[PDB]
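Student: First the structure, then my questions, so here it is.
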Amino acid sequence: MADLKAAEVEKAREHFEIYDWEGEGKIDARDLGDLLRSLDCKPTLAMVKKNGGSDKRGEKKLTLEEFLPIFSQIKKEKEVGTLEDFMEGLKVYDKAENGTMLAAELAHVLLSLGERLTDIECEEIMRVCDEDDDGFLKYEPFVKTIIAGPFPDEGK
Amino acid sequence: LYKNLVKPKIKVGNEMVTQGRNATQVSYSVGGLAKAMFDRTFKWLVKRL
């Protein structure tokens, strides 16, 4: 079987107690999304709603007694992703064996199919880049910074 | 002594979890040991007598 360890119970308690904005001890079904995400399990919104979650706000409230039989189900998933799938994937763009990627062509793929990102998030994803014209990013430093997160060594 | 009052060891069958008691619960959970101890001096006297 599987059940939650003293350390894990503390991780789950901390985050839940933060999410109590009301003063009653409860989470929204929408907020189930980013709560698990901060808990470090990476899901689709499909994974969130699968365990009783909402698009809308103001639908159902879940206690910690409800939330823990959500989290202890969630832990079973195996297909999270690696680096190398993404390399293989993002290599497909090529035409001449350069590993280089033009800015428009790269915003568009982020926008269009999937759970999707907005116009706004693309303006943010561009923000770190500076001073390269007509107008090329590169597949390898890109992916590695995504997996490294917001503060690798530098961080702004 | 101290630690375990606030943060216990819960072995559920095959899994062990450390998690969370409180203020009224530390001055419950120490007796606890004085639940065993008082009722065993009581029982020790019940025996002895």
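Naming works like this for the structure tokens: A, B, ... for the chains as they're shown, residue 1 at the start of each chain, ligands 1 onward in shown order.
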Quick one: DSSP helix (DSSP H, G or I) residues in chain A, as a VMD selection string?
Tutor: chain A and resid 6 to 19 32 to 38 45 to 50 64 to 74 84 to 93 103 to 111 119 to 127 139 to 148
Student: So that I can check the surroundings of residue 30 of chain B, please list as a short mmCIF file (atom, residue, chain, number, x, y, z; two decimals) with N, CA, C and O atoms, in the first residue's frame every protein, DNA and RNA residue that reaches within 8 Å of it, counting only C-alpha atoms and ignoring chain neighbours fewer than 4 positions away.
Tutor:
data_model
loop_
_atom_site.label_atom_id
_atom_site.label_comp_id
_atom_site.auth_asym_id
_atom_site.auth_seq_id
_atom_site.Cartn_x
_atom_site.Cartn_y
_atom_site.Cartn_z
N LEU B 5 6.13 14.37 22.53
CA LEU B 5 4.81 14.86 22.89
C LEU B 5 4.14 15.64 21.76
O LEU B 5 2.97 15.42 21.43
N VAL B 26 -0.18 18.44 24.54
CA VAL B 26 1.06 18.06 25.23
C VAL B 26 0.81 17.80 26.72
O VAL B 26 1.33 16.85 27.32
N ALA B 34 1.98 9.38 32.23
CA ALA B 34 1.28 9.38 33.51
C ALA B 34 -0.13 8.79 33.43
O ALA B 34 -0.79 8.67 34.46
#
Student: Using only C-alpha atoms for the distances, tell me which of A:45, A:109, A:36, A:104 is nearest to residue 90 of chain A.
Tutor: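 Using only C-alpha atoms, the shortest distance to residue 90 of chain A belongs to A:109.
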Student: Pull out every residue of chain A that has at least one atom within 7 Å of chain B, counting only C-alpha atoms, and report them as a VMD selection string.
Tutor: chain A and resid 3 to 7 9
Student: Can I get the selection written as a CSV table (one decimal), in the first residue's frame, with C-alpha atoms?
Tutor:
chain,number,residue,atom,x,y,z
A,3,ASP,CA,0.5,6.3,2.8
A,4,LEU,CA,2.0,9.6,3.8
A,5,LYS,CA,5.2,10.0,5.8
A,6,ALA,CA,5.8,12.5,8.6
A,7,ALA,CA,7.8,14.7,6.3
A,9,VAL,CA,2.3,15.2,6.0
Student: What's the 8 Å shell around residue 15 of chain A, counting only C-alpha atoms, without same-chain residues fewer than 6 positions away, as a VMD selection string?
Tutor: chain A and resid 35 38 to 39
Student: Got a sec: who's within 12 Å of residue 77 of chain A, counting only C-alpha atoms, leaving out chain neighbours fewer than 2 positions off, as an MDAnalysis selection string?
Tutor: chainID A and resid 41:44 47 71:75 79:81
Student: With N, CA and C atoms kept, could you save the residues just selected as an mmCIF file, in the first residue's frame?
Tutor:
data_model
loop_
_atom_site.group_PDB
_atom_site.id
_atom_site.type_symbol
_atom_site.label_atom_id
_atom_site.label_comp_id
_atom_site.auth_asym_id
_atom_site.auth_seq_id
_atom_site.Cartn_x
_atom_site.Cartn_y
_atom_site.Cartn_z
ATOM 1 N N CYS A 41 3.990 17.932 -7.404
ATOM 2 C CA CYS A 41 3.443 17.017 -8.383
ATOM 3 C C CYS A 41 3.040 17.871 -9.575
ATOM 4 N N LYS A 42 3.504 17.516 -10.779
ATOM 5 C CA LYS A 42 3.168 18.282 -11.974
ATOM 6 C C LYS A 42 1.980 17.716 -12.767
ATOM 7 N N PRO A 43 0.752 18.268 -12.696
ATOM 8 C CA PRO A 43 -0.391 17.771 -13.448
ATOM 9 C C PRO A 43 -0.966 18.648 -14.566
ATOM 10 N N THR A 44 -1.753 17.995 -15.413
ATOM 11 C CA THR A 44 -2.641 18.697 -16.320
ATOM 12 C C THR A 44 -3.870 19.175 -15.544
ATOM 13 N N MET A 47 -5.750 16.212 -15.020
ATOM 14 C CA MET A 47 -5.491 15.543 -13.747
ATOM 15 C C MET A 47 -6.154 16.185 -12.527
ATOM 16 N N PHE A 71 -4.354 13.945 -2.710
ATOM 17 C CA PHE A 71 -2.897 13.891 -2.802
ATOM 18 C C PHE A 71 -2.314 12.476 -2.785
ATOM 19 N N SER A 72 -2.768 11.620 -1.862
ATOM 20 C CA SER A 72 -2.353 10.226 -1.868
ATOM 21 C C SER A 72 -2.858 9.448 -3.078
ATOM 22 N N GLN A 73 -3.824 9.923 -3.874
ATOM 23 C CA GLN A 73 -4.081 9.273 -5.148
ATOM 24 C C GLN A 73 -3.079 9.759 -6.183
ATOM 25 N N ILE A 74 -2.918 11.088 -6.257
ATOM 26 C CA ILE A 74 -2.034 11.754 -7.216
ATOM 27 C C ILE A 74 -0.610 11.193 -7.292
ATOM 28 N N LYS A 75 -0.005 10.871 -6.144
ATOM 29 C CA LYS A 75 1.340 10.313 -6.098
ATOM 30 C C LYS A 75 1.589 9.091 -6.989
ATOM 31 N N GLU A 79 4.392 8.881 -15.597
ATOM 32 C CA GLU A 79 4.806 9.706 -16.722
ATOM 33 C C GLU A 79 4.753 11.187 -16.375
ATOM 34 N N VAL A 80 5.894 11.640 -15.859
ATOM 35 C CA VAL A 80 6.105 13.049 -15.560
ATOM 36 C C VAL A 80 6.871 13.776 -16.668
ATOM 37 N N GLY A 81 7.829 13.101 -17.317
ATOM 38 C CA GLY A 81 8.693 13.733 -18.306
ATOM 39 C C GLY A 81 10.142 13.809 -17.836
#
Student: Can you pull out every residue within 12 Å of residue 135 of chain A, counting only C-alpha atoms, but drop anything in the same chain fewer than 4 positions away, and send it as an mmCIF file with N, CA, C and O atoms, in the first residue's frame?
Tutor:
data_model
loop_
_atom_site.group_PDB
_atom_site.id
_atom_site.type_symbol
_atom_site.label_atom_id
_atom_site.label_comp_id
_atom_site.auth_asym_id
_atom_site.auth_seq_id
_atom_site.Cartn_x
_atom_site.Cartn_y
_atom_site.Cartn_z
ATOM 1 N N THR A 100 18.580 26.180 -34.016
ATOM 2 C CA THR A 100 18.288 27.578 -33.780
ATOM 3 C C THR A 100 16.837 27.846 -34.138
ATOM 4 O O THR A 100 16.351 27.281 -35.119
ATOM 5 N N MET A 101 16.214 28.803 -33.445
ATOM 6 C CA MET A 101 14.788 29.030 -33.515
ATOM 7 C C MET A 101 14.414 30.503 -33.460
ATOM 8 O O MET A 101 14.668 31.249 -32.515
ATOM 9 N N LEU A 102 13.818 30.902 -34.582
ATOM 10 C CA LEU A 102 13.225 32.221 -34.781
ATOM 11 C C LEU A 102 12.047 32.571 -33.880
ATOM 12 O O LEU A 102 11.100 31.801 -33.702
ATOM 13 N N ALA A 103 12.092 33.792 -33.340
ATOM 14 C CA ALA A 103 11.182 34.254 -32.301
ATOM 15 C C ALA A 103 9.680 34.137 -32.537
ATOM 16 O O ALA A 103 8.952 33.698 -31.635
ATOM 17 N N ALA A 104 9.190 34.491 -33.734
ATOM 18 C CA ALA A 104 7.762 34.385 -33.999
ATOM 19 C C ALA A 104 7.349 32.920 -33.944
ATOM 20 O O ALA A 104 6.431 32.527 -33.217
ATOM 21 N N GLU A 105 8.133 32.116 -34.681
ATOM 22 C CA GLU A 105 7.930 30.677 -34.847
ATOM 23 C C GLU A 105 7.898 29.925 -33.520
ATOM 24 O O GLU A 105 7.211 28.914 -33.363
ATOM 25 N N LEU A 106 8.657 30.477 -32.561
ATOM 26 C CA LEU A 106 8.730 29.989 -31.198
ATOM 27 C C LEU A 106 7.633 30.523 -30.282
ATOM 28 O O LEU A 106 7.241 29.796 -29.371
ATOM 29 N N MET A 126 9.790 35.674 -23.364
ATOM 30 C CA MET A 126 10.799 36.434 -24.078
ATOM 31 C C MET A 126 11.678 37.296 -23.181
ATOM 32 O O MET A 126 12.859 37.457 -23.497
ATOM 33 N N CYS A 129 15.604 37.196 -22.629
ATOM 34 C CA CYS A 129 16.425 37.416 -23.802
ATOM 35 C C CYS A 129 16.587 38.900 -24.098
ATOM 36 O O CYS A 129 15.692 39.710 -23.855
ATOM 37 N N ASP A 130 17.764 39.218 -24.664
ATOM 38 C CA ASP A 130 18.189 40.581 -24.895
ATOM 39 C C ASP A 130 19.267 40.576 -25.965
ATOM 40 O O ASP A 130 20.128 39.691 -26.041
ATOM 41 N N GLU A 131 19.025 41.509 -26.891
ATOM 42 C CA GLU A 131 19.981 41.959 -27.906
ATOM 43 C C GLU A 131 20.376 40.891 -28.942
ATOM 44 O O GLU A 131 21.559 40.673 -29.216
#
Student: Please measure the separation of atom CA of residue 62 of chain A and atom CA of residue 30 of chain A, giving the value in Å to one decimal.
Tutor: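 One can read the atom CA of residue 62 of chain A to atom CA of residue 30 of chain A distance as 10.4 Å.
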Student: Enter the distance from atom CA of residue 137 of chain A to atom CA of residue 150 of chain A, in Å, rounded to one decimal.
Tutor: 18.3 Å
Student: Hey, what does DSSP flag as strand (DSSP E) within segment 36-125 of chain A? Can you give it to me as number ranges by chain?
Tutor: A: 61-62, 100-102
Student: At what distance in Å, to one decimal, does atom CA of residue 44 of chain B lie from atom CA of residue 24 of chain B?
Tutor: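 If I compute the distance from atom CA of residue 24 of chain B to atom CA of residue 44 of chain B, I get 28.2 Å.
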Student: With distances taken over only C-alpha atoms, which of A:144, A:26, A:37, A:127 is nearest to residue 65 of chain A?
Tutor: A:26
